[PDB]
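Q: Which chain is which? The protein sequence lines are B and A, in order.
Taking the authors' numbering, I'd label the letters of the first sequence as residues 1 to 548, 553 to 586, 593 to 659, 662 to 705.
Taking the authors' numbering, I'd label the letters of the second sequence as residues 1 to 549, 553 to 586, 593 to 660, 664 to 705.
All C-beta atoms in this analysis are idealised placements derived from N, C-alpha and C, irrespective of residue type, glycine included.
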Amino acid sequence: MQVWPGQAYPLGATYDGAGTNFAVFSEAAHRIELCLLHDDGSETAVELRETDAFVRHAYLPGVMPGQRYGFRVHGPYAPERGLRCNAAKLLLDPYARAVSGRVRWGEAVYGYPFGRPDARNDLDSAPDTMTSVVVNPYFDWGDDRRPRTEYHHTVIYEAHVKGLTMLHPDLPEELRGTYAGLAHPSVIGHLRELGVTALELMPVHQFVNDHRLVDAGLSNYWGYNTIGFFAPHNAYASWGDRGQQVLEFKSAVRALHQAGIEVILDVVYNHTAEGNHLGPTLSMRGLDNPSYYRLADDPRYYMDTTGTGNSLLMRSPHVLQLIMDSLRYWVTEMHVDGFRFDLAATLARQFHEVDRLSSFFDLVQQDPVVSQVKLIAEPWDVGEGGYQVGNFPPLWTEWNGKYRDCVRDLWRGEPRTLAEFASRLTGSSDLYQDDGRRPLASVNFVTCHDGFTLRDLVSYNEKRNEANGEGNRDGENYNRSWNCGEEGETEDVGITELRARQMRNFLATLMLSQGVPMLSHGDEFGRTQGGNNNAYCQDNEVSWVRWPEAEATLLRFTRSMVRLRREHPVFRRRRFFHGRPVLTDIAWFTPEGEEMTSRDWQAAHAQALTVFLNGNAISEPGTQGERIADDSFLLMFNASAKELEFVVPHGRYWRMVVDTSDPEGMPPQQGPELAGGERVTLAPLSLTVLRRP
Amino acid sequence: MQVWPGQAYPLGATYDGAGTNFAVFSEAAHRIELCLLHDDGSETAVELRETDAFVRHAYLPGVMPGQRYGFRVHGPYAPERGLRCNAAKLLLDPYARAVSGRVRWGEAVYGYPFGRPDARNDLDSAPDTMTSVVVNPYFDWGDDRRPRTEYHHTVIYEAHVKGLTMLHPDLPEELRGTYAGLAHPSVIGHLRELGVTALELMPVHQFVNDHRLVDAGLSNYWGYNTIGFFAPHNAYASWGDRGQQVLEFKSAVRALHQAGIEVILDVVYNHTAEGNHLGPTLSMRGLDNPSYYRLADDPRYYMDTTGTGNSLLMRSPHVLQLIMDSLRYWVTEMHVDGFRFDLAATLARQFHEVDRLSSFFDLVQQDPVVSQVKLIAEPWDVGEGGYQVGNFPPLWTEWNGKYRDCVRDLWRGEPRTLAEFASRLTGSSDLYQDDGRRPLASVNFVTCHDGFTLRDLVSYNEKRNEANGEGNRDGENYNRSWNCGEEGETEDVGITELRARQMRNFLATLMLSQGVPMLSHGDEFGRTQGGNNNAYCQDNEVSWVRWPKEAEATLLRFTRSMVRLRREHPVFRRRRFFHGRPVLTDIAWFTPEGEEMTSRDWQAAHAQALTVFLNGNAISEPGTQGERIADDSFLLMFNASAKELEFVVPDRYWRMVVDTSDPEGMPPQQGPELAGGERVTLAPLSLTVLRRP
Ligand SMILES: Nc1nc2c(ncn2[C@@H]2O[C@@H]3COP(=O)(O)O[C@H]4[C@@H](O)[C@H](n5cnc6c(=O)[nH]c(N)nc65)O[C@@H]4COP(=O)(O)O[C@H]3[C@H]2O)c(=O)[nH]1
Ligand SMILES: Nc1nc2c(ncn2[C@@H]2O[C@@H]3COP(=O)(O)O[C@H]4[C@@H](O)[C@H](n5cnc6c(=O)[nH]c(N)nc65)O[C@@H]4COP(=O)(O)O[C@H]3[C@H]2O)c(=O)[nH]1
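See below:
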């Protein structure tokens with residue numbers, strides 16, 4: 001064995017042609033050893049003697065890709081001080097670019113004996129842990145330009161890697177549920193058919209199946225439990241896990257880009273799968289516990305603003321570095337187009353408060369590689385002062401939780417005031433105008449992975465997560481949902497016509513709103529989870545997508565509605581409306603036909619709207635200063651539980669181009685052409701859009 | 001004119017091929033405009049309407065390099081709230097790649113009327129201000145190999161651009177004092193002959209001549225008062241200022257890099273040339289004053305932890321972005337090999353205290369472009385708790401001012417210096433071992449740009465800065481210097497021999513000490529500033545270097564040859580610290602008596618003589634390929650006594669390789685062989701080195 005001192009950069013194992021340079025960090029490690037696993041277990045351990053700025057490194061010539069390796073950190077095991085170092089635990093490389101194997105859940109991976117979490121577990125973690133793998137970084141991106149799709153053209157399709165394709169009757173069994181199947185021409189074509197411009201891939205950072213989930217029959221399905229912020233999840237890899245999963249992902253990206261679809265993956269930097277103090281010792285708890293994790297006062301115990309065991313120290317540089325070194329890795333090495341942060345408020349907690357001047361934001365705001373990709377956030381967490389919708393720095397885009405809630409309530413029949421829903425159509429002027437942002441700062445969505453799918457949104461009052469093994473105690477207890485007549489599947493055509501048409505209203509409201517809509521995967525086919533509103537553990541047919553007449557008219561409804569937003573730049577505006585000076595650009599009307607005053611705006615019980623969107627008055631430039639022209643539209647909302655009669659504003665004509673009411677799809681089909689003062693009766697819980705050419 | 005919305009990245013005027021894209025930041029600007037200057041002083045104004053996260057921008061097709069431009073920001077003038085925006089002033093671009101012309105000091109560039117600080121100046125600053133210029137970023141750096149000289153090989157040579165070459169009887173008059181003159185083969189030849197491996201360039205960031213200094217007959221010479229952290233100082237350019245200066249500096253880097261010399265820029269990010277209030281509104285004060293500068297708890301006034309007017313807000317990311325956008329720019333666009341930071345404690349002041357976890361340090365530690373270039377700091381600033389020698393994060397290097405003070409005290413004969421002298425030779429084990437650093441974290445230096453030059457350090461007891469006009473009140477008041485028998489130029493052969501040989505002791509101790517040495521420019525020819533110890537404003541014979549035409556060349560071949568002995572022998576540049584004890594002896598301290606010292610005779614009050622044995626076979630360090638570093642064993646003999654002490658050699665034979673005392677110069681001239689037990693009368697204030705393998 002030949003060991004050269006190597007270099008401290010870049011962190012992790014990098015293959016310099018001849019051999020591999022390993023660089024691991026621990027500022028509280030007396031000794032660190034690099035273990036070279038063989039095909040028969042059997043470490044070949046090497047001490048990384050060279051410590052430079054607390055990074056221990058060496059260059060081992062002859063070591064090549066596919067080499068299974070890990071670290072053994074000889075340090076003090078003193079939970080009283082917060083150090084849980086253990087040289088009996090084969091730690092992963094946090095910067096591992098490909099991790100092989102799965103966690104063999106037992107007494108050996110934990111670092112404490114199963115009865116005394118105060119003591120030391122001198123059991124070898126090697127045969128039961130994940131192994132980091134050396135990776136040959138070569139990949140030939142040919143013509144691979146990043147499709148820098150402008151923000152006001154985006155249609156984000158939230159989809160899971162395994163759930164999108166496992167039930168596709170078009171891919172071989174080998175590709176069903178993996179990255180390569182996501183790159184099949186039958187799947188990319190379907191998103192092309194749907195019109196989406198950015199694929200939001202639920203976490204692909206390799207995660208661990210929770211021990212509590214595994215010793216219950218279930219497994220971690222969503223994967224918001226990552227351990228390697230640099231390695232694709234080896235379970236979504238058909239080509240193998242010895243560094244071939246990073247090949248699948250890179251090729252699945254270039255195949256998506258070859259059709260013009262952006263890859264915005266889901267990142268979970270707020271917590272690790274090592275969980276709380278009762279979790280395993282896999283990667284970081286064994287490297288340097290107090291410099292990676294937000295230790296609670298009384299270091300033994302962890303603070304957790306994510307509700308999932310632990311949280312990361314967002315003030316230590318060695319964590320911020322690891323997060324950006326990850327974010328840049330997926331932009332430059334994996335060619336990812338954007339990021340969506342789960343529980344993004346946790347990243348802003350520099351000390352305890354949600355600091356929008358925290359080093360995380362300042363870091364992301366300045367770095368050229370990361371500040372240019374689409375930065376999307378779930379702008380809250382489960383800690384004190386967590387709800388931060390409308391507070392992130394202006395360089396960010398937020399999941400508009402105030403959109404999903406204040407629109408779910410509208411078609412729910414709630415007396416949620418019109419002005420609440422009205423600003424959400426305008427693109428949350430209240431939330432994002434004063435911060436210095438644009439309507440494109442609101443990632444509008446009605447459904448997502450959390451809560452009900454779009455069909456279960458109109459099929460269930462409350463959750464049915466008894467299958468999750470937690471006794472219906474997990475997930476949202478109330479989703480602002482309405483079962484439309486009967487909770488669950490019903491043969492009655494009365495509610496069936498209602499539900500599938502309520503589905504139409506949510507899709508029409510979503511594509512007619514301002515900002516950036518997002519669709520959970522399967523809502524084109526009326527995907528259903530049986531009332532399970534928290535499917536993080538259902539890695540089964542509950543959360544797969546059922547592909548192959554009612555599930556095709558709703559599909560061609562969605563396809564043709566996204567076409568309307570694409571064709572017409574009014575529903576995707578680059579600035580806010582103002583409605584009045586002291593040709594208006596937006597006019598609000600009563601179904602009676604007369605303009606709305608301030609009293610009837612704050613009217614207590616009101617459910618009907620008629621919004622005029624001017625097409626001549628998009629006070630915005632095009633790419634080359636061109637004036638953006640469009641047809642004028644006339645949106646007629648009616649959340650009333652009774653048929654309401656809508657009057658249009662006299663002498664000139666109109667063209668109804670949208671109507672939720674008929675079970676054949678009005679975006680798909682054609683419309684009767686209405687006139688100015690025309691009496692037009694509109695069904696209860698319906699929508700209608702006109703068009704003046 | 002044709003004005004496209006364009007991009008918000010990158011900040012500044014970036015040329016693309018068709019035209020230029022301009023992007024300026026202001027979160028406190030109701031309107032920003034882009035003034036395009038012609039050669040007849042006329043403006044072509046363009047509103048940069050398209051704000052994007054407070055960065056206003058437009059793409060102007062047809063605008064090409066050499067286009068002088070500026071910004072005018074319409075905003076509320078309200079120092080009571082912290083705003084000093086004034087459209088009357090033509091603001092520079094902080095991301096200026098090239099700034100042309102100089103500041104025409106008048107009553108125009110102040111932003112306030114000269115008699116009322118809280119009023120508003122409405123005088124057009126355009127004809128009196130500096131002009132940012134669009135640059136064509138093309139350069140064909142050919143085979144540029146960044147000479148990634150190791151840290152245990154570095155020899156930093158602090159040299160000014162104008163001082164190094166203005167008096168060279170080799171360069172053309174046009175090249176003297178400019179960037180290209182620095183790249184002349186006669187200059188890079190002298191740097192080669194010397195042994196330097198890195199050129200510390202005193203600030204090349206474009207600074208402003210202080211009005212206090214222009215209207216007093218002087219000028220800002222050192223240049224630690226800068227406005228453009230992206231433009232090279234135009235007054236060091238013999239090729240022009242319309243962007244032509246960036247061409248000089250780039251070619252001045254490839255010329256040095258061709259001869260294997262690193263350009264380690266000196267940067268001043270703590271303060272700006274706009275100073276406090278009562279100062280000019282040039283670049284940032286008019287753009288967004290409150291989010292760039294550390295305002296006081298009276299936003300009208302400016303917090304000043306540098307004693308030079310103002311200080312920057314190292315928490316607002318728009319500043320942090322600018323500092324890294326700048327630091328990255330010089331690395332990946334100007335091919336600069338490292339940065340030396342001015343008053344680098346100010347960069348750590350996130351709110352008031354000198355923070356270890358300052359967002360700046362977290363930012364620099366992580367960025368791959370900047371964390372890899374040589375990061376060196378002067379670790380203090382004039383604020384509370386500013387003295388931070390040995391407190392910067394372990395990735396950093398520091399001017400070890402304690403080395404300077406201790407070695408000056410020893411050769412002064414200060415009372416109890418031998419103890420400390422020993423840890424400053426060991427490489428400041430007290431200041432750097434516990435931090436997790438190496439001896440190379442101590443940039444050892446006796447003289448620098450500040451204080452005395454090496455000749456004045458042994459010729460003057462106190463400053464003679466009457467040239468600076470402040471009545472001998474500026475600069476260090478006691479520099480811990482000794483005049484060696486007469487203050488100023490003397491004819492005495494006694495003092496002259498004492499001084500020139502005292503020069504031989506600072507140079508021998510500096511090159512013999514652990515860590516990276518540092519020589520200020522000119523000390524090879526015995527450079528003299530006449531007793532002026534603060535030459536920030538002397539742009540004249542006082543600080544320019546005299547090139548030699553016997554004593555000024557004998558000292559030169561002493562210096563050049565001692566860099567040889569540090570090169571030829573890895574003991575003096577050890578990669579680790581000494582320990583000297585098992586429980593191989595790699596260091597041994599002996600008394601001139603010839604016996605090993607004890608703890609009582611280590612803290613002996615009256616001691617001025619030392620004999621250190623440096624083991625050459627016991628270099629417990631691996632080489633690039635794991636080679637065992639071998640060397641001859643060296644024996645150093647220090648005598649800071651005022652009289653001739655008799656030194657005894659321990660243990664065979666030894667060879668006198670260095671002797672400060674004889675004026676023939678005995679770094680290069682060989683010495684006799686000492687027995688190994690025999691006494692040797694060593695002269696007072698002399699130093700000797702023995703060699704034996
Ligand atoms: N950033 C950085 N700094 C370095 C490095 N190597 C040495 N330093 C410095 O070198 C000094 C002496 O180490 P030594 O000659 O090997 O003598 C050392 C060494 O033999 C051993 N030691 C310390 N750490 C280690 C280690 O991690 N592995 C091994 N095998 N020995 C160690 O005990 C002696 C005293 O150790 P220290 O208190 O640490 O004092 C250390 C430490 O301050 C390095 O690779 N990176
Ligand atoms: N010539 C000029 N006029 C200005 C400017 N700022 C505000 N206004 C004018 O005053 C109207 C209301 O401004 P607002 O509060 O910023 O409300 C703004 C603002 O919230 C939003 N927004 C508009 N433009 C931008 C932009 O370029 N960048 C970002 N991040 N947000 C914008 O569009 C909304 C409506 O703007 P308008 O339809 O144009 O109607 C605007 C505009 O005519 C400016 O910098 N230059």
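Using a C-beta to C-beta distance shorter than 7 Å, which residues of chain B count as neighbours of residue 315 of chain A?
A: Going along chain B in sequence order, the residues near residue 315 of chain A (Cβ under 7 Å) are 357.
Q: Between residue 327 of chain B and the rest of its own chain, which residues show a CB-CB distance below 6 Å, the 5 nearest in sequence each way excluded?
A: Answer for residue 327 of chain B: 370, listed in chain order.
Q: Is it buried or exposed, residue 571 of chain B, if we count other Cβ atoms within 10 angstroms and call 16 or more buried?
A: Exposed, because fewer than 16 other Cβ atoms sit within 10 Å of the Cβ of residue 571 of chain B.
Q: Which residues does DSSP list as the beta-bridge partners of residue 374 of chain A?
A: Looking at the DSSP assignment, residue 374 of chain A forms a beta bridge with A:338.
Q: Consider the C-beta atom of residue 27 of chain B and the heavy atoms of ligand 1; say whether any pair is separated by less than 6 Å.
A: Every heavy atom of ligand 1 is 6 Å or more from the Cβ of residue 27 of chain B, so no.
Q: Tell me whether residue 148 of chain A, by its Cβ, gets closer than 6 Å to a heavy atom of ligand 1.
A: Flag unset: Cβ of residue 148 of chain A not near ligand 1.
Q: Is residue 98 of chain B closer than 7 Å to residue 208 of chain B when the C-beta atoms are compared?
A: Taking 7 Å as the Cβ cut-off, residue 208 of chain B and residue 98 of chain B do not qualify as a contacting pair.
Q: Would you verify that the beta carbon of residue 436 of chain B is, or is not, closer than 7 Å to some beta carbon of chain A?
A: Residue 436 of chain B counts as touching chain A.
Q: Give the secondary structure of residue 106 of chain A by DSSP, where H, G and I count as helix, E and B as strand, and everything else as coil.
A: Residue state, collapsed to three classes: coil.
Q: Taking only three categories from DSSP, how would you classify residue 264 of chain A?
A: Residue 264 of chain A falls in the strand class under three-state DSSP.
Q: Below 8 Å CB to CB, which residues in the same chain sit around residue 632 of chain B once its five sequence neighbours on both sides are set aside?
A: The answer, listed in chain order, is 638.
Q: Which whole-angstrom value is the C-beta distance of residue 348 of chain B and residue 252 of chain B, which I expect to be below 8 Å?
A: So it is not a contact: roughly 31 Å between Cβ atoms.
Q: At 3 residues or longer, and completely inside the stretch 290-345 of chain A: list those beta strand (DSSP E) runs for me, N to C.
A: You should have 338-341.
Q: Decide if the stretch 556-565 of chain A is in contact with the stretch 465-473 of chain A; the criterion is three or more beta carbon pairs, one per stretch, under 8 Å apart.
A: No, because fewer than three Cβ pairs between the stretch 556-565 of chain A and the stretch 465-473 of chain A fall closer than 8 Å, the two stretches do not touch.
Q: Checking the sheet assignment: what are the DSSP bridge partners for residue 598 of chain B?
A: According to DSSP, which records beta bridges pairwise, residue 598 of chain B is partnered with B:621.
Q: Excluding sequence positions up to five away, which residues of its chain have a Cβ less than 6 Å from the Cβ of residue 214 of chain B?
A: 105, listed in sequence order.
Q: Rounded to the nearest angstrom, what separates residue 358 of chain A and residue 356 of chain B at their Cα positions?
A: Cα to Cα, the separation comes out at about 15 Å.
Q: Taking residue 35 of chain B as part of the beta strand (DSSP E), name the residues at either end of that continuous run.
A: 31-37 is the extent of the beta strand (DSSP E) around residue 35 of chain B.
Q: List, in chain order, every chain B residue whose beta-carbon is nearer than 7 Å to that of residue 640 of chain A.
A: Those do not exist, as residue 640 of chain A stays about 18 Å from chain B at its closest Cβ, beyond 7 Å.
Q: Curious, which full-length beta strand (DSSP E) runs of at least 3 residues does the stretch 233-284 of chain B contain?
A: Counting whole runs of 3 or more residues, the stretch 233-284 of chain B contains the beta strand (DSSP E) stretches 262-267.
Q: For the beta strand (DSSP E) containing residue 518 of chain B, name the first residue and the last one.
A: Its beta strand (DSSP E) spans residues 516-520.
Q: Spell out the partners DSSP gives residue 642 of chain A in its beta bridges.
A: Looking at the DSSP assignment, residue 642 of chain A forms a beta bridge with A:704.
Q: Using a cut-off of 8 Å between C-beta atoms, extract the partners of residue 53 of chain A located in chain B.
A: Under the 8 Å cutoff, chain B gives 393, 394, 395, 436, 437.
Q: Please list, in chain order, all residues of the same chain as residue 18 of chain A whose beta carbon is under 6 Å from its beta carbon, the five residues on each side excluded.
A: Excluding positions up to five away in sequence, the list reads 61.
Q: Only counting the same chain, and skipping five residues up and downstream in sequence, which positions put a Cβ closer than 7 Å to that of residue 480 of chain B?
A: Counting only Cβ-Cβ distances below 7 Å, and skipping sequence neighbours, we find 405, 408, 409, 412.
Q: Residues in its own chain within less than 8 Å of residue 41 of chain B by CB, not counting five upstream and five downstream?
A: The answer, listed in chain order, is 126, 127.
Q: Can you tell me whether residue 580 of chain A sits near ligand 3, meaning its C-beta is under 6 Å from at least one heavy atom of the ligand?
A: The ligand content of the structure shown is limited to ligand 1 and ligand 2, which means ligand 3 is not among them.
Q: Please specify which runs of the beta strand (DSSP E), each continuous and at least 3 residues long, are wholly inside the stretch 96-142 of chain B, giving them in chain order.
A: Entirely contained in the stretch 96-142 of chain B, the beta strand (DSSP E) runs reaching 3 residues are, in chain order, 131-133.
Q: With DSSP collapsed to three states, give me the class of residue 611 of chain A.
A: Coil, per DSSP.
Q: So which residues of chain B does residue 366 of chain A contact, with C-beta pairs closer than 8 Å?
A: Within chain B, the residues near residue 366 of chain A are 317, 320, 321, 324, 325, 363.
Q: With a 10 Å radius around its C-beta and 16 neighbouring C-beta atoms as the bar for buried, classify residue 540 of chain A as buried or exposed.
A: Exposed.
Q: Beta carbon of residue 442 of chain A: closer than 6 Å to some heavy atom of ligand 1?
A: No, ligand 1 has no heavy atom inside 6 Å of this Cβ.
Q: Can you give me the start and stop residues for the beta strand (DSSP E) that residue 57 of chain A sits inside?
A: That run of the beta strand (DSSP E) goes 55-60.
Q: Say whether chain B places a C-beta atom closer than 7 Å to the C-beta of residue 330 of chain A.
A: For residue 330 of chain A, the answer is no, since every Cβ of chain B falls outside 7 Å of its Cβ.
Q: So, are the CB atoms of residue 627 of chain B and residue 593 of chain B less than 7 Å apart?
A: Their beta carbons are under 7 Å apart, which means residue 627 of chain B touches residue 593 of chain B by this criterion.
Q: Looking only at its chain, what residues have a beta carbon closer than 6 Å to the beta carbon of residue 401 of chain B, apart from the 5 residues adjacent to it on each side?
A: If we look at residue 401 of chain B and ignore the five residues flanking it on each side, its Cβ neighbours are 389.
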